[PDB]
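Here is the structure we will look at.
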Amino acid sequence: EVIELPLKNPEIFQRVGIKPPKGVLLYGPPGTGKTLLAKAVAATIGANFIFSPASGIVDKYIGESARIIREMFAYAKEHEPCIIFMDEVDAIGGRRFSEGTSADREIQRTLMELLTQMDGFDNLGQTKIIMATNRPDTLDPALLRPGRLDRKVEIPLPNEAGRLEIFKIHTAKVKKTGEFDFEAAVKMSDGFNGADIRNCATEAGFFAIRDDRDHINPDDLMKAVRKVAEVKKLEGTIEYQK
Amino acid sequence: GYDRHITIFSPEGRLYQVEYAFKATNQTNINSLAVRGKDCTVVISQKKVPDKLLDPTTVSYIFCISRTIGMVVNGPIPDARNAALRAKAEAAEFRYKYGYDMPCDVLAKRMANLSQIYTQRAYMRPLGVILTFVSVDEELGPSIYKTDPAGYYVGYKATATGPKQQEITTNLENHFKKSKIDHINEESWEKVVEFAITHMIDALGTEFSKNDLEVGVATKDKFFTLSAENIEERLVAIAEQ
Amino acid sequence: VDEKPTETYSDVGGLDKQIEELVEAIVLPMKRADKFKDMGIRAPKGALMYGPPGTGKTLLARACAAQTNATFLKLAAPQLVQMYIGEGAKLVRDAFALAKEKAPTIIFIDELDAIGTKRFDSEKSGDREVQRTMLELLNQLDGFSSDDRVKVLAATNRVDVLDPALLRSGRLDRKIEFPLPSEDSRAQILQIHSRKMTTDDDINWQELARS
Amino acid sequence: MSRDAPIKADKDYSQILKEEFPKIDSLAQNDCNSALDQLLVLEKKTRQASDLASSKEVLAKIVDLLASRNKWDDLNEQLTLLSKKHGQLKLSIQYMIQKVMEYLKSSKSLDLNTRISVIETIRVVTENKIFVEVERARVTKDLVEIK
Amino acid sequence: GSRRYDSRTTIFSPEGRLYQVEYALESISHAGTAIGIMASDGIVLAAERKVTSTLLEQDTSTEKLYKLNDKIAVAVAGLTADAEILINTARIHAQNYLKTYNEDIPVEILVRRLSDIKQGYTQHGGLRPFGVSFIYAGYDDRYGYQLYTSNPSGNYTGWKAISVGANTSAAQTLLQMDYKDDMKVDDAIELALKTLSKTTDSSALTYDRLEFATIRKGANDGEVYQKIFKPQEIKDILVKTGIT
Amino acid sequence: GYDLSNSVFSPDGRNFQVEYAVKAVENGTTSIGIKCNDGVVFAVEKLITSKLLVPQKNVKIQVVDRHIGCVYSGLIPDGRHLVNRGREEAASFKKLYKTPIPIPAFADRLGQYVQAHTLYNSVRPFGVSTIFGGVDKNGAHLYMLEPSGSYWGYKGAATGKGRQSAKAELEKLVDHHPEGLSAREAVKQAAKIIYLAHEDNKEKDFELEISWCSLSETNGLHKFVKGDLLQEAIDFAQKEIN
Amino acid sequence: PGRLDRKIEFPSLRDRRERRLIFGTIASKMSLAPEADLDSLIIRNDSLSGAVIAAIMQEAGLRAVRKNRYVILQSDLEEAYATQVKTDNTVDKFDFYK
Amino acid sequence: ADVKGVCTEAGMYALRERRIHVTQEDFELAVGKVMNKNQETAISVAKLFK
Amino acid sequence: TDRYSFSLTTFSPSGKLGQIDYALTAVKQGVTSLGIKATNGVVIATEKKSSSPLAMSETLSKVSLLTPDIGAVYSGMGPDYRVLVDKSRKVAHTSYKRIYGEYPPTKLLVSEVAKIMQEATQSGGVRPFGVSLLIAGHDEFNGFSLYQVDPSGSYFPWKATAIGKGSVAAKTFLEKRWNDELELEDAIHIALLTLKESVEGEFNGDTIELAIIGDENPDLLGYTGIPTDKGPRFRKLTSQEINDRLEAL
Ligand SMILES: Nc1ncnc2c1ncn2[C@@H]1O[C@H](COP(=O)(O)OP(=O)(O)OP(=O)(O)O)[C@@H](O)[C@H]1O
Ligand SMILES: Nc1ncnc2c1ncn2[C@@H]1O[C@H](COP(=O)(O)OP(=O)(O)O)[C@@H](O)[C@H]1O
Ligand SMILES: [Mg+2]
Ligand SMILES: [Mg+2]
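Chains as they are written, first to last, in the deposited numbering: chain L, 195 to 436; chain A, 11 to 251; chain M, 172 to 382; chain P, 1 to 147; chain C, 2 to 245; chain G, 7 to 248; chain K, 331 to 428; chain J, 356 to 405; chain B, 2 to 250.
Quick look at the structure:
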């Protein structure tokens, strides 16, 4: 609604005489598929795509990070329609310093250079940023402000029958004899991340493959959704969000 | 440094050590629902026992601190016992020096004050339990006072505790909005149990059994608990409502 | 590539279970990839190996890699910690690009306690070189490079230190402890060492194992 | 739903009362209330499945009366009352409604029916969220044509 | 456990110097100016408050001037909170001396006792010392009027004119040029006000932010009258000396 | 940090020092407690580390009062201190209220004591689990007390390395007798599940110890199982596992 | 001063009268509920910066597309108001800091 | 610089009033503006202190 | 063992006692409270708040009675006031009602509670109480007085003051609204109107807590036929009474 709808049709947004909606912030648990979704949105619309991790732009050479996003931006302004994926912005996040070292002040400059491109004397057109953050608490109010960012998308865990919807994509792929224990499976894999449902299927096929068949029997899966669920909650994130 | 490792103030003015106490009472995953009747106070709480080899009868969270005043505990059972022991000792003491048994209000306040002292001391850890005290006093009527690990307490029309307690709040809020009074107008204590069970099913979506429930009722001048046989009569009586 | 021909598991004595786990994790997908492909399930992204030094782990990946016919890469995380931000970030990026190139490959990373823990997000937390290299590891094991041919093996000393977000399923899949050798296991590890020299009926390895 | 005991036992009873299906019918011809009293029992169960079988019987009974405007109020009302309480899960009672809703359509042969029927249907579905809502609008819509 | 959270608060440095005492002197420099001037007929104590506001009642406040006994009052420069303990210790000690010898406490004895407490706290217990500096105005028969300064380490030094708290250096230098031994209490009142107008802790010096007290032997029969002037009696003297 | 002491605490609800202390108990000796109709039958796996040892002359079973068996695992000095404390508590109850201490009352006091050491950093938490029960005036009871300060009623309990094997067969023992079993028969069943829990300790060799407090046999006194009865239990367990 | 004698500090506290003026400018660009009382919104807003109010019109006109209109009504505005201003939870924490 | 700051500040107010000549009133506004910057940081150690 | 005797409150190298500065932050997180001294009474007022709609605020007191003629009100932490109110009543009895047979002067009481603060910043194992108290009262030797107790261990008399999160704004309100002569009636009307801007929720008399140290009430005396004694000068206002003063704005 934020991203795709003004890129293909800006005609409706100009007609009404509202400003184009721009900026989305993604945050959620680990494993929930922010990357999987980043990868997906890029296809759907077909807009030009720069997947860049934000821990990837950092160099001890000052203003190098500021240089990198400025060029990325100039490229995006040319290559419209374009969505710039700033993934894991939490790396160059945080705020303050000036009693820090000049590495921090550069991170603060880069963070600020971001700030220059979006709004200022430069603007977005049919450029567009998606920022992904894995912790919103590393993330700073200057980028949680309306301005930056119209819709703040909070992505939960996959719901009770959301988790059942993911099992369907995956159990489609497999060759099986017929599994009818999928309802049962989602009661045991409750409190799960989607990363770990994918792990549920990979384990079941281990047992199938070890027994030397290519079929996943339902018994292989029952055991499998229990084998992942014990060790998951033992080493669980225990993330806190805003 | 040590502004989160002991009970000293931080630049924020907020005691992180104290916050951690409230982040351990919801990890036992026990919900409670407590309602004031017209002549009674009823409290029902979870008693999930997932084992064949634990005796379910001895798994409990309702401890009788006075003969008239029950106490229901949400949070870890070592700290529960210590807080129960201390509360019983004080309630007895009040009879001894003032010539009548300790009120619910003051018993709540006394544990509240001890909780503050335990977060004043930097080597003493506070007891990380949320205590609900249910009674019927003769000078306060049907009463609920709920103390918390920090040392704060207030009275209540009704209250809930646990991770899913927001759902319980929705039911209670509608009930007292429509009635336009701070209690349930029901003159039979048994039917206040029946009502309580109904709203527990509504809130959590969970169908209860007699071995998932544990019920405490303070009527006038006595506190008793229902046994699982008696709780089953109530569960059959839901079908007769 | 610093592949030496197979060490061989016979010669890595004791600890039967550890040997059992590596076969299941690595060789079974590499050989039986066709079955994993038809099914459309993914071949392990990583296996975490953790436990005290000298439990044999090195010997084992070097044996496995020759058998499975993947190259042996040598990567050690305590080195990659530097004072220079640029220089320190660079070799992570180099090692990722080179691995995919030389793929299929077994990357063997030693002592990932230098990626540290991040559990905080305060002003100081490492200045954003310690936090930052944790997130660069998360992009290694993110599926923006195909990790079904690459197989990431890593060794670390404790995981209790390390933040548990990095540890989840698809980071790292199997979480495999390496305990000390037991009484009987000690005797097997002693014998193979002794097998190398002159071996005689005077010596009893069990005797030495119990003391 | 829960345990393994309700699936079998409840089903077993519905079979036993389905062998006693002619009994319910014969009494319904003598007085409505006698046979009605049987439907109440049936639609209190704990397995979802045994109520599928039993929600045929709720539809059939009022068909044997043929059908009575006064009696119509109660049947649709009883359903609404059962929905709030439980319904054997709130998802369960929506498929029950869906079965009885086809009967409402085809009962139609008076103005008189049409008017009473729109008053029952509008109410049921305000707390539901499925296909019931399409059907409500449609039967409402017969009275629109007349309007 | 207990040793985990202790950092060894009171210990010497390689210079020999006690961390908490060094720190304590900084916090007394935050607190307002207090000046004492010993005349040959009294002692003038004059202090400018570290707080002033139009909503602050300063007309009943005696937050710097406190009487320890009938012939010994103090002015306070430092933490008011910390000072309160020593003030009530002093009252107890002076009354104790009166109880046992039926004679008024000399100024030397009372100051020494307080000093011992401050030393004691850095010596043992890990306690912070009191971060206050007092100027004692006192009369005794033997040495007459005696003026004393005490520092947070727990040592006392005699003076004729001295300043503690804020602007100690500036106040001292003006006093050196103006002070004479032929000064009377009248002259000392004028000097104190002028010095505080040049060492003012904002951009104005006012009666309502001035606490002022003398101890004068001009009371009949050689008796000593401690007078703590009200701010409107200060105001009268403010127009007399021509500050206003 | 939050793991230096035991009155540090964490937002995760963990207390670390206490959880660490359970690891000593989990590497302790196998010890079981069977709730019987007439009493309780305790049995403990006693490892034979050398041929130099004197058999049945080292005990981990100390009697409290004349009717409470107590058998513990983890650190032996620490557990012997906890039992030493509870011999005083039993004496105190007997002094003041002139009765041998009831089993639920005894549990309450011990729980308080173990609570105290997790509330102060100037003393060290305990790292032992005790299994104690007996026959009192309110019937036979069985309690296991965690080093956390938590106890419950138990129809079967176990602790030590071989707790996995023991508990699994205690489920089956309660499924053999859902209406409970005799104390006399439970001698032979205590033997059987120590033998099966010695398959977790089959690099080692063992001595079987059994002790009971039951109304039917020992008349509500805690005694040791010895002589021909003990040897019968050994012979029973031997044939079952063969 | 002399580097920078003019120094303008920008508030967000504002005035009631100040919020009316932001609305008008917006309204020129896209009229918000031009058949209903605008003035309720002004009263209700009480911390909002100029930015939040720009986010309001734009998010309302997102909702315009859904509802399938080319006009923004007061219902759109009220939901725009409801959210984007309820971030954090500290309700629980402040129970014991009351 | 602070002195200089008064001169410039003073001419904002005169300009608006549409009177060229500087006056006592133009001065009182001008010293109040320049002193504002300083009074605010001086009330927090002059009030609500210990 | 115990070895906590090293003071938690200690000097920093930039001066100031660090621990009490931290504690003062907690006062400006708390509820807002204010007190205006009239020439014919004192009014103290605070806002009641609740974390649940099912909490009762008639079982919640934040203005409490220390003695019949001296009331107190806080801003800061709930728990810390809860313990300290009991200790305030206790020291008022031990140090003047068993020695001089009467309730302490307002000056005397304020000083004593500042000592309790002081010794909770002295020695280990004790951190300060994170409250500031307004202690308004009446004694017969200095009339009405309004004090403000600091978490420092010091006090200050004021003519009108406020404490809490909205203190700074509230005191600017009282600055124009205070005068040399005031009435108690108009003092109340100022106090409610100021606390209107420091309450974000309801503004009913059920959620606004008001108390006066006005003049004696001989119906709260509890006895009659002694004309010498004067009833409680303090009088907490019930919710209905507060609603009348809301209509009197
Ligand atoms: N919606 C989905 N349907 C199918 N599989 C999914 C879905 N969501 C996630 N998964 C599975 O879980 C994996 C983990 O998701 P992903 O790699 O995007 O994590 P993330 O939330 O970005 O974490 P980090 O915080 O490490 O960046 C995916 O690679 C995919 O296999
Ligand atoms: N199980 C084993 N049998 C024989 N020697 C072994 C065994 N494990 C370790 N060693 C010896 O100890 C050395 C260190 O072990 P290595 O594989 O390099 O370990 P890690 O990765 O655990 O630090 C080996 O080079 C070998 O000499
Ligand atoms: Mg990712
Ligand atoms: Mg190695």
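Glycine included, each C-beta is placed from N, C-alpha and C at the ideal position.
8 Å Cβ cut-off: residues of chain C touching residue i
i, result
"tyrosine 133/A", "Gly2 and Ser3"
For residue i, three-class secondary structure by DSSP
i, result
"residue 126/M", "Given a span of 172 to 382 for chain M in the structure shown, any question on residue 126/M remains unanswerable."
"residue 175/L", "Nothing about residue 175/L can be reported from this structure: the residues present for chain L run from 195 to 436 only."
"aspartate 357/J", "helix"
"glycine 287/M", "coil"
"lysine 104/G", "coil"
"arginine 210/C", "helix"
"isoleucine 116/P", "helix"
"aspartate 142/G", "strand"
"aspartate 206/G", "coil"
"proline 158/B", "strand"
Cβ separation of residue i and residue j, assumed to be a contact under 8 Å, to the nearest whole Å
i, j, result
"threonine 229/B", "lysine 49/B", "So it is not a contact: roughly 37 Å between Cβ atoms."
"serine 79/G", "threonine 35/G", "5 Å"
"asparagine 92/A", "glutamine 121/G", "5 Å"
"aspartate 313/M", "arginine 213/M", "Not a contact, Cβ separation roughly 13 Å."
"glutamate 212/C", "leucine 66/C", "5 Å"
Contacts of residue i in chain J (Cβ-Cβ under 8 Å)
i, result
"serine 203/C", "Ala397 and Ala401"
"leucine 197/C", "The contacting residues do not exist; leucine 197/C stays about 16 Å from chain J at best."
Per-residue contacts from residue i into chain K (C-beta, under 9 Å)
i, result
"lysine 359/J", "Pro331, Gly332 and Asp335"
Within chain L, partners of residue i - CB distance below 8 Å
i, result
"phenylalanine 207/M", "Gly399 and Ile403"
Contacts of residue i in chain A (Cβ-Cβ under 8 Å)
i, result
"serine 2/P", "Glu217"
beta-carbon residue i near ligand 6 non-hydrogen atom, thresh 8 Å
i, result
"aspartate 115/A", "Summarising the ligand content, the structure contains ligand 1, ligand 2, ligand 3 and ligand 4 and does not contain ligand 6."
Beta-ladder partner(s) of residue i, from DSSP
i, result
"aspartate 281/M", "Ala247/M"
"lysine 57/G", "Bridge partners of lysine 57/G: none, in fact."
"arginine 46/A", "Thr51/A"
Interface residues of chain G facing residue i [CB-CB closer than 8 Å]
i, result
"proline 88/A", "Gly117, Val120, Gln121, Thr124, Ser154, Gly155 and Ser156"
"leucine 63/A", "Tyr160, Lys161, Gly162, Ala163, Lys173, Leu176, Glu177 and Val180"
Proximal chain B residues relative to residue i, where beta-carbon distance stays under 7 Å
i, result
"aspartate 418/K", "Those within 7 Å of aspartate 418/K in chain B number zero; the least Cβ separation is about 14 Å."
The region 385-402 of chain K: positions lying closer than 7 Å to chain L by Cβ: Listed by position along the chain: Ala385, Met387, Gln388, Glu389, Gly391, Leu392, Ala394, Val395 and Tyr400.
For the region 42-58 of chain C, enumerate the residues whose C-beta is nearer than 9 Å to any C-beta of chain B, in chain order. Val52, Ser54, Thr55, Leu56, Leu57 and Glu58
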